[PDB]
Amino acid sequence: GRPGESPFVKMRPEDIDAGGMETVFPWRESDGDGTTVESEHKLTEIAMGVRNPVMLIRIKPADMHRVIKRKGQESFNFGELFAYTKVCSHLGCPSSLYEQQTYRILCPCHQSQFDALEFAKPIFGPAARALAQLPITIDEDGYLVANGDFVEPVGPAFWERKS
Amino acid sequence: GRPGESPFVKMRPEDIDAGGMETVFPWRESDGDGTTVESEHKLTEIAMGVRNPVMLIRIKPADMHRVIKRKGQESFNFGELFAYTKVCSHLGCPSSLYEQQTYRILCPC
Amino acid sequence: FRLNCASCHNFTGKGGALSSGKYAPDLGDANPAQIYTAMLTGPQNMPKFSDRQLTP
Amino acid sequence: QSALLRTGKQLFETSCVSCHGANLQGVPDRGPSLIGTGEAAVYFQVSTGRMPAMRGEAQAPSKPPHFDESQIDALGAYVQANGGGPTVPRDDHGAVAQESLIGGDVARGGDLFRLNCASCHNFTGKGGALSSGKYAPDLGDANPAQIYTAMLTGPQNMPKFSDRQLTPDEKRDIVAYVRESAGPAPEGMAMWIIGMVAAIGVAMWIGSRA
Amino acid sequence: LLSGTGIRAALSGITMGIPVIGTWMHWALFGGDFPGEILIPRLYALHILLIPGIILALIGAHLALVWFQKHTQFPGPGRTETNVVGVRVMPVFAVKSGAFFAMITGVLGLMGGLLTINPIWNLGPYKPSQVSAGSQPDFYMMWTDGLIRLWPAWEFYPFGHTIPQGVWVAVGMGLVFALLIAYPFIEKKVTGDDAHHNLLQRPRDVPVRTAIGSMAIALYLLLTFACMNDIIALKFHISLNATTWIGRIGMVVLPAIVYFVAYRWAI
Amino acid sequence: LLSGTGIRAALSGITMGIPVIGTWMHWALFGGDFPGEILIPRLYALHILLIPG
Amino acid sequence: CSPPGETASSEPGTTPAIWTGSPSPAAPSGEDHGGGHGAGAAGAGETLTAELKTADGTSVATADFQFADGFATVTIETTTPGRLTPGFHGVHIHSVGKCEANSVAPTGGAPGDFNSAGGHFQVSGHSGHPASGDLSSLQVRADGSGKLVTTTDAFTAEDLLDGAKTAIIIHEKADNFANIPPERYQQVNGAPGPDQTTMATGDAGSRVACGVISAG
Amino acid sequence: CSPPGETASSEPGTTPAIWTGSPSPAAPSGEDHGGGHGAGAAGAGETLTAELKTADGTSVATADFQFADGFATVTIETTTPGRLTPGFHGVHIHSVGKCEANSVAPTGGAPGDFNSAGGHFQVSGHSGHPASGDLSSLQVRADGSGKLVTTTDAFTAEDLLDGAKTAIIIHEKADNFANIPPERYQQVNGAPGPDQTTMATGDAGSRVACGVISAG
Ligand SMILES: CC(C)=CCC/C(C)=C/CC/C(C)=C/CC/C(C)=C/CC/C(C)=C/CC/C(C)=C/CC/C(C)=C/CC/C(C)=C/CC/C(C)=C/CC1=C(C)C(=O)c2ccccc2C1=O
Ligand SMILES: CC(C)=CCC/C(C)=C\CC/C(C)=C/CC/C(C)=C/CC/C(C)=C/CC/C(C)=C/CC/C(C)=C/CC/C(C)=C/CC/C(C)=C\CC1=C(C)C(=O)c2ccccc2C1=O
Ligand SMILES: CCCCCCCC/C=C\CCCCCCCC(=O)OC[C@H](COP(=O)(O)OCCN)OC(=O)CCCCCCCCCCCCCCC
Ligand code: HEC
Ligand code: HEC
Ligand code: HEC
Ligand code: FES
Ligand code: FES
C-alpha cells in the first residue's frame with residue numbers, strides 16, 4: 259500500500275502461510291519501482307488492469323488431498339499454491355472474499371461462491387463459469403512467477419467465448 | 259523543448275550573444291530533471307507558472323550606452339544581460355516579441 | 184518553435200506584425216538552409232540564436 | 072551453540088539489561104529475573120504476541136516483534152544457558168515447530184480448553200477481560216508454537232501449565248482447538277421512512293381526504 | 165470504489181454479455197475496455213445535460229398534459245366525469261403548492277444536514293482489485309441488482325459462443341419496462357374499457373388491478389431486499405445462502421401470495 | 165495556445181483590473197491564481213449546461 | 021447448459037519446473053549495460069571479480085579488477101575476518117590463472133599456490149622491471165581485513181584478456197625490492213647487486229592466497 | 021497617470037557580485053551528507069581523495085581511497101601520460117602527510133619526498149610486521165598509467181584520521197621484501213637475516229611521487 263513508490267514488490271512462496279490469500283499483480287522487471295516517470299505509468303496500468311489482479315491461495319496441506327483439477331490446469335498449481343483470477347466469472351467484480359477451512363472464494367457483488375479446492379468452479383450464486391487459473395511456479399531465487407498465461411479468457415464471459 | 263526529460267537546464271552568460279533573447283525559468287537544484295515522479299511535477303509547476311517565465315536579453319555593447327535604469331534596478335543587470343519578465347504588464351500576456359536594433363519588447367495580445 | 188519562434192511569426196509559421204513598419208515574414212518560402220541561417224544570424228529585429236543557445 | 076549464546080548477549084545487552092540487568096538478573100520494580108524462564112518463555116514474548124512494553128503497564132500489546140526468528144533463538148539460548156528452563160518445541164530440521172504442535176484431538180483439544188484456559192479467554196478463542204488493567208488476548212494471531220509457549224511459560228497473570236500439568240500431547244491438542252476455532269441500503273430506508281413519510285404526511289395535511 | 169464496482173458489474177458485464185452486439189455496445193460506450201479514459205466524461209455529459217434535458221422536456225409535456233387534460237378526481241358529492249371540483253389556481257392552490265414546495269425542500273435540507281449520504285471519502289478511489297461487501301446501488305436500481313443476484317445462474321453456450329446470465333437480467337429489465345409502459349393499453353385490451361374516464365376509481369373498487377399492483381410491488385420489494393441480502397444476512401442473522409434462496413423462491417411465491425391477499429382484501 | 169492566451173488576457177487581466185472586487189472575482193472564478201485547475205471544468209459546465217439552458 | 025470443458029480428475033499433474041525466463045527480444049531489447057571499457061581484446065568489460073582461496077578450499081580474499089574510464093578501478097576485500105595474520109601479505113599478478121593448492125609449471129619444486137608460469141606476469145612486450153605482474157604489500161592487522169588500492173596500470177583490460185587466465189596471488193612478504201642498495205649491502209656471493217629472483221617478482225615463503233582473475 | 025516609481029538617471033550601479041547560495045534550512049531538515057561510512061574518528065566519510073605531486077610541482081598521480089562497508093576501496097589515476105617510467109614503483113603509506121619536495125623528520129639527509137616520520141605508517145598499536153603503512157605497488161608500462169588494487173586494511177577510516185595527516189609515497193622500486201631468504205642469501209656482514217630498514221618499509225632510490233591523503 260506504499261503511496262506511489264515501489265507499489266509492486268516481488269513475492270516468494272514462503273511469504274504466504276497455509277490458509278492465506280494474497281492479491282498479486284503481473285509485475286515485470288522492466289516495470290520497476292514507481293520512482294521514474296516511465297515507471298508509475300506501467301505500474302498504474304498494472305494496478306488498473308481489469309483482468310490483472312489475481313488471488314494466490316495457499317491450500318492447507320491437510321486439505322490438499324481434496325483438490326480436484328481442471329482439464330489442462332492440473333500442473334498449474336505450484337505445490338500448495340493456487341493462483342485464481344480475482345475477477346468474478348459473472349459480471350467481473352473481484353471475488354476477493356476468501357473463506358479458509360471452507361475454501362470458498364466469494365464475490366461481494368452478487369454472492370457467488372467458487373470452490374477453490376476443486377478448480378474454482380461456482381458452487382453458488384449467479385456465476386456459472388469457473389475462475390481462470392493462472393499457471394505459477396518459482397524462477398531462480400525462488401520468486402513466484404506465472405508459468406504461462408490463462409488457458410481461457412479471464413474476465414466475464416461474452417458472445418465470442420468458449421472457442 | 260525536450261519532451262519531458264531534463265526540460266530545464268542550467269544556463270551560462272556565454273550561451274547568449276549580443277542581440278539575443280532566451281526564455282528562462284526559475285530552476286532549482288532540488289527541481290532536478292524530470293526523470294523522477296517527485297520531479298516532473300516541480301518542473302511542470304515551473305513551466306506552468308504564470309509569473310515564472312522571464313526573457314534574458316543581451317544588450318549589444320555598442321548600445322549599452324543608451325540604457326537608462328530604474329530606481330533600485332540599476333545593478334540588476336549583469337553586465338550586458340537584462341532579465342525582464344515576459345508577462346506583459348497589461349493583462350499578463352507574454353511579451354515575447356523582442357526586436358533587436360530597436361530594443362523593443364512587443365506583446366502580441 | 185512555439186517557445187521561441189511563434190512569439191512573433193505564428194503558431195504554424197505564418198507571418199506576424201512588429202512594432203512600427205516591421206513584420207515577421209511567412210516561413211513557407213524558406214528552405215532548410217535559409218531557416219537554419221536565419222536562426223544562426225539575427226537579420227533585423229530577430230534575436231540572434233547562437234549555436235550555444237540553440238545547438239545545431 | 073557458541074554463536075547463539077554470543078549473539079544473544081549482544082542483543083540482550085542492548086534491549087533488556089534495563090529491566091533484567093547483566094546475566095538475566097531482574098532490575099527491582101522494572102522487570103523480573105530471567106533465570107529459569109528459559110527459551111520457550113523468551114519464545115512467548117519476543118517470538119510470540121506479547122513482546123514486553125517499555126512503558127510499564129498491567130498488560131502489553133502483542134506489539135510487532137522487535138527481533139527476527141534467528142535473533143529470537145539467539146536471545147532465547149542466552150537465557151536458557153544463563154538460567155536453565157523450558158525450551159521451545161522444535162521440529163526435526165531445528166526450526167520452531169508449528170504444524171507438529173497441531174494436536175490430533177480437537178474434540179478433546181477443546182474439552183481441555185474449556186476446563187483449562189477457556190475461561191480467561193473465550194470459548195471461541197476471543198479475548199476475555201481479567202484482573203487489574205489485565206485482559207486475556209484473542210489467540211487468533213498466535214501460531215502453534217506461540218500457543219504451546221503461552222501454556223508452558225505462563226506469561227503474565229496467565230496460569231503456567233507445566234508439561235506434567237498439561238502433557239506435551241494435550242498442549243498440541245489445545246493448539247488444535249485454539250487454531251481450528253480461529267451507504268445505499270441504510271440511505272434508501274432512511275429516505276423511505278424519514279423523508280418520504282414526512283412528505284406524504286405533509287401532503288395529507290395540506291390536501292384533503294375524499 | 166462502491167459506485168465504480170457497481171458500474172463494473174452492471175454497465176460492463178451486462179452490456180458485454182449481450183449476445184449479438186454486447187461487446188460492441190460495451191466498446192462504443194466505454195471507448196474501449198472497461199476502464200476506458202472517457203467513461204466518466206461521457207456519463208457527466210449524459211447526467212448534467214443530455215438525460216436531465218430529456219427529463220425536463222418530458223416533465224414539461226407531463227405538466228402541460230395534466231394542465232390541459234384537466235386533472236381527474238375521485239367520485240364525490242358534486243364530482244362528475246364532466247367537471248372538476250376543487251379550488252382555483254390563484255388564491256388557494258398556488259399558495260398551498262408553493263408552501264408544499266417549501267416544506268419538501270426543508271425536509272430535503274434537513275436530511276442533507278442530519279443524515280450522511282454517500283461518504284465517498286470513506287469509499288476509497290476505484291481500483292479494479294479492491295471491493296467491499298456491501299456493493300449495492302441506490303434503492304431505485306436495487307431491484308435490478310436483486311434480479312441479478314437472484315436469477316439462478318442459467319447460461320447457454322451455442323455453437324462456439326456463450327450467453328451469460330447477464331442477458332437474463334437485461335431481458336428481465338426490458339420486459340419490466342415494456343410492461344410498465346404498455347400497461348394501460350394492455351389493461352384496455354384485456355378488460356375492454358375505452359370509455360373516456362375522468363373519475364378515478366378507488367383501488368378497492370378494482371380488485372384485479374389493485375391485486376396486480378400489489379403483486380408487482382411485492383416482487384419489487386422482494387428484489388430490492390434481495391439486493392440488500394448481504395447486509396440483511398449480516399445484521400439480521402440469516403445465512404447468505406438462505407437469503408438468496410428465500411428471494412429465489414419468493415419471487416414466484418410472494419407475488420402470488422400478495423396477489424391473492426390483495427384481491428381478497430379489496431373485495 | 166490561442167484560446168488560452170485569449171483567456172489569460174480578457175478574463176484574468178480584466179477581472180483582476182476591477183478596483184474593489186477584481187482580485188476576488190478572479191479567485192472566485194478560477195478558484196485561485198489564473199491557471200487554477202478548475203477553470204476548464206467550470207467553463208465546460210457553463211458552456212454545455214448553464215448558458216445553453 | 022454447463023461450460024464445455026471442466027472436471028478433469030485424471031492426470032494428477034506434475035510440479036512446475038523452475039522458471040528460466042528468456043531474455044527480452046528486439047521488442048523489449050532494452051537491457052542494463054554490463055560495463056563500459058576500452059576492451060582492447062575479445063571483450064571483458066568494466067566488471068570482473070575473483071575469489072582468492074586458501075589451500076583448504078576456503079575463501080581468503082575477494083579481488084575485483086575492471087577498467088572504468090581507460091584505467092582499472094579495482095578493489096579487494098578480505099572474505100574472512102582472520103585470513104591474513106597481523107602483517108603484510110605481498111600481492112602479485114601471476115600469468116597462470118590456475119589457483120591450485122600447489123603446482124609447478126617448470127621442472128622443480130611445487131610451492132603452495134605456485135601455479136604461476138614464472139614470477140610477475142608482466143606485459144607481452146615487457147619482461148624487465150616489475151611490470152603490472154608485480155604488486156606490493158597489503159596489510160591485515162589483528163582485525164584481519166584487507167582493503168587498499170594503488171595505481172598499477174602497465175597493462176589494461178586488453179592485456180588481462182591474454183592467452184592464459186591470470187591470477188592474484190598473495191604471499192607472506194612485504195614490498196622492498198632490494199631496499200639494501202649495493203653501496204652498503206652485499207649478497208651471499210659478495211656481489212653488491214641484487215637477486216634476479218627477488219627483482220623479477222615478490223618472492224616469499226609459502227603462498228597464502230591465490231585467485232584466478234578470469235571473472236572468478 | 022504615470023506610475024509612482026520610475027526612472028533613475030544617477031547611481032549608475034555596480035556589477036552584481038558572484039552569487040553564493042546558502043544551504044536550504046527549510047527544504048532540508050539538516051545538512052545533506054555524501055559518502056556513508058562508519059568513520060570511527062572525528063569523521064572522514066566514504067570520500068577521500070589526494071593528489072601526489074612531483075618535485076617540480078607536477079601532478080604525478082591522483083589517488084582516492086574511502087571506506088564503504090568496513091573495507092576501504094581505493095583507486096589511483098595517472099595524472100600524466102608519462103609520470104612513471106617503463107618499470108615498477110613501490111607505494112608506501114607515510115605517517116607524515118606533508119608531500120613536500122624534500123624533508124627530513126630525523127637528524128640526517130633529507131631524501132626527496134621523505135617527509136615521513138619513519139618508515140611505513142603502521143597502526144598506533146602495531147609497529148612490527150608491515151602494517152597498513154605499506155600500500156600496493158604501481159607498475160608503469162610504456163603507456164605510463166596507474167590503475168590497480170590490493171587488500172590492505174590493517175587501518176580503516178577511523179585510523180586514517182590520526183594525529184597527523186598521512187600520505188602515499190611512491191618510489192621507483194619493485195616489491196620483494198628480502199625475497200632472498202637466509203637459507204641461500206647472506207647480508208653484507210655475513211648474517212643471513214634481512215635488513216631492518218628494508219623490512220620496515222619499501223626502500224628505494226629518490227621518491228618519485230608523494231601525495232597527502234588528508235582529502236588532498
Ligand atoms: C430477499 C429476502 C427478503 C430474503 C430474506 C431475509 C429477510 C429480509 C428476512 C426478514 C428480516 C427479519 C424481519 C429478521 C428478524 C428475525 C425474524 C425473521 C423474525 C420473524 C419475522 C416475522 C414474521 C415477525 C412477526 C412480526 C414482524 C413482521 C416483525 C418484522 C420485524 C422487522 C425487522 C421489521 C422491519 C423490516 C426490516 C427493516 C428489515 C431489514 C431490511 C433493511 C434493508 C434494513 C436497512 C438498514 C440496515 C441494514 C442498517 O444496518 C441500518 C443502520 C442504521 C440506520 C438505518 C439502517 C437501515 O435502514
Ligand atoms: C449550501 C447551499 C448551496 C444551500 C442551498 C441548496 C441549493 C443548492 C438549492 C436550494 C436553495 C433554494 C433556492 C431553496 C428554495 C427553493 C424554492 C424556490 C422554494 C419556493 C417555496 C417557497 C419559498 C414558498 C414561500 C411560501 C409562499 C408564500 C408560497 C406561495 C407563493 C409561491 C412561492 C408559489 C410558488 C408556486 C410554484 C411551486 C411554482 C413552480 C413552477 C413549476 C416548475 C411548475 C408549476 C406547476 C405546479 C407547482 C404543479 O403542481 C402542477 C400540477 C399539475 C399540472 C401542472 C402543474 C404546474 O405547472
Ligand atoms: C408482477 C406481475 C407481472 C406484471 C403484470 C402487468 C402485466 C399486465 C397484467 C395482466 C395481463 C393478463 C390479464 C389476464 C388476461 C385474460 C385472459 C383471457 O382468458 O381473456 C379474458 C379477457 C376478458 O374477456 P371477457 O369478455 O371479460 O370474458 C371473460 C372470460 N372469463 O378477454 C380479453 O378480452 C383479452 C384477451 C387477451 C389478453 C392479452 C393480455 C396480455 C397481452 C400481452 C402482454 C404480456 C402479459 C404479461 C403477463 C404477466
Ligand atoms: C521578433 C522575434 C523573432 C523570433 C524570436 C524569431 N523570428 Fe524569425 N523573423 C523575425 C523577423 C523580424 C524576421 C525578418 C528578418 C529579415 O527580413 O531580415 C524574421 C525572419 C525569419 C525567416 C526568413 C523567412 C524568409 O522567407 O525570408 C525565417 C526562416 C525565420 N525568421 C525563422 C525563424 C525561426 C526558425 C525562429 C526560431 C526561434 C525564429 N524565426 C524566431 C522575427 C523573429
Ligand atoms: C520496560 C522494558 C522491557 C524491555 C525492553 C523488555 N522487558 Fe522483558 N519484561 C518486562 C516486564 C515489566 C515484564 C513482566 C510482564 C510479564 O511477566 O510478562 C517482562 C517479562 C519478561 C519475561 C517473562 C518472565 C516470566 O516468567 O513471567 C521474559 C522471558 C522476558 N521479559 C525477556 C525479555 C527479553 C529477552 C527482552 C528483550 C530482548 C525483554 N524482555 C525486553 C520489561 C521489559
Ligand atoms: C486467567 C487464566 C488463563 C489460563 C488458564 C490461560 N490463559 Fe492465556 N492468557 C491469559 C492472560 C491474562 C494473558 C495475558 C498475558 C500475556 O499475553 O502476556 C494470556 C496470554 C495468552 C496468549 C498471548 C499471545 C496472544 O495471542 O496475544 C495466548 C496465545 C494465550 N494466552 C492462549 C492460551 C492457551 C492456548 C491456554 C491453554 C491451553 C491459555 N492461554 C491459558 C489468561 C489465561
Ligand atoms: S459480480 Fe461476481 S457473482 Fe456477480
Ligand atoms: S496583453 Fe495587452 S499589452 Fe500585453
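Protein chains in written order, with PDB author numbering: chain M, 259 to 421; chain Y, 259 to 367; chain I, 184 to 239; chain O, 72 to 253, 267 to 294; chain F, 165 to 431; chain E, 165 to 217; chain G, 21 to 236; chain D, 21 to 236. For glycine and all other residues, C-beta sits at the position ideal for the given N, C-alpha and C.
For residue j and residue i, believed in contact at Cβ under 8 Å, the rounded distance
i      : j      : result
F:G242 : M:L349 : Going by Cβ atoms, the distance from F:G242 to M:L349 rounds to 57 Å, so no, they are not a contact pair.
I:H192 : I:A207 : 5 Å
D:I188 : D:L104 : Going by Cβ atoms, the distance from D:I188 to D:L104 rounds to 14 Å, so no, they are not a contact pair.
D:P212 : D:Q206 : 6 Å
G:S136 : G:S115 : 6 Å
Close Cβ partners of residue i (< 8 Å) along its chain, the five nearest in sequence each way excluded
i      : result
D:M219 : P150, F197 and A198
G:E26  : none
One or two residues paired with residue i in a DSSP bridge
i      : result
D:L158 : D:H109
G:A28  : BP columns for G:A28 are empty, so no partner.
G:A92  : G:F87
Y:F340 : Y:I315
G:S79  : G:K73
M:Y356 : M:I363
O:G211 : Per DSSP, none; premise fails for O:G211.
Endpoints, the beta strand (DSSP E) within which residue i is located
i      : result
G:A187 : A187 to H191
O:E140 : Taken as a continuous stretch (DSSP letters only), O:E140 belongs to no beta strand (DSSP E), being part of the alpha helix (DSSP H) at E140 to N153.
M:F372 : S370 to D373
Chain-order list of residues whose beta-carbon lies under 7 Å from that of residue i (same chain, five-residue window excluded)
i      : result
M:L339 : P271, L314, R316 and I394
F:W315 : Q329, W332 and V333
Residue i, enclosing alpha helix (DSSP H) - first and last residue
i      : result
F:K399 : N393 to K399
Residue from the options with nearest C-alpha to residue i
i      : options                           : result
I:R235 : Y:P352, Y:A276, Y:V345 and Y:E357 : Y:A276
Y:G337 : Y:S347, Y:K344, Y:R362 and Y:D321 : Y:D321
D:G58  : D:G210, D:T176 and D:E203         : D:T176
F:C391 : F:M267, F:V249 and F:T308         : F:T308
G:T170 : G:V111, G:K185, G:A70 and G:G148  : G:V111
Contacts around residue i, its chain only, beta-carbon distance under 6 Å, and the 5 residues preceding and following it disregarded
i      : result
O:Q169 : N214, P215 and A216
G:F141 : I113, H114, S115, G153 and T186
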